[PDB]
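*Asks:*
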Amino acid sequence: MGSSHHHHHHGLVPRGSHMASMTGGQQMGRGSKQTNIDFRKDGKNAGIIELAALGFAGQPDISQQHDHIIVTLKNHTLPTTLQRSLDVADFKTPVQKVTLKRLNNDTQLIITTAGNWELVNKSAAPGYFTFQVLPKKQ
């Protein structure tokens, strides 16, 4: 019943599906919640600040000063709920204090230091950062 048909039905005939593929293997990450920091020592009196910036894939702005280190994670907004300071005084490291400071739209790391020290910044994955503060021994 009709004239010529195919008026709104061209005639694409399917023959099954391609949907079965399980896109996934791993969970997502390891410390994958939201932006956070950690402090530890490694080797010999080195102050290691670990940084977990979830949703930041690139490199922060690290400012190396003798007084302190300033990392700025541009366009990474740290919740004030995650901003914590680690006093870490007398850990026998060149780090005097670790401070995760939320900035307006950025995240700022304030890693207070003193004297001569050495900064080795590491990225373990896009989002997981690490700052190894060695004492520059003279």
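The sequence shown begins at 192 in the entry's author numbering and counts up by one.
Heads up, the beta-carbon is just placed ideally off N, CA and C, and yes, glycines get one too.
Let's see if you can read the secondary structure: which residues bound the beta strand (DSSP E) around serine 254?
*Replies:* 252-255 is the extent of the beta strand (DSSP E) around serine 254.
*Asks:* Are three or more beta carbon pairs between the segment 273-291 and the segment 228-242 nearer than 8 Å?
*Replies:* Touching, yes.
*Asks:* So who's on the other strand from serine 314, going by DSSP bridges?
*Replies:* In the DSSP output, where bridge partners are listed per residue, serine 314 has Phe320.
*Asks:* Based on the DSSP secondary-structure assignment, which residues constitute the bridge partners of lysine 292?
*Replies:* Looking at the DSSP assignment, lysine 292 forms a beta bridge with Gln299.
*Asks:* Could you tell me the distance, in whole angstroms, from the CA atom of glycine 234 to the CA atom of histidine 209?
*Replies:* Roughly 52 Å separates the two Cα atoms.
*Asks:* Mapping the DSSP letters down to three states, classify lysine 232 as helix, strand or coil.
*Replies:* Three-state result, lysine 232: strand.
*Asks:* DSSP puts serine 276 in a beta bridge; with which residues?
*Replies:* Its beta-bridge partners are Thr290.
*Asks:* Whose C-alpha, out of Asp297, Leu300, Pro205, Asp258, is nearest the C-alpha of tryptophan 308?
*Replies:* When only C-alpha atoms are compared, the closest one is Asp258.
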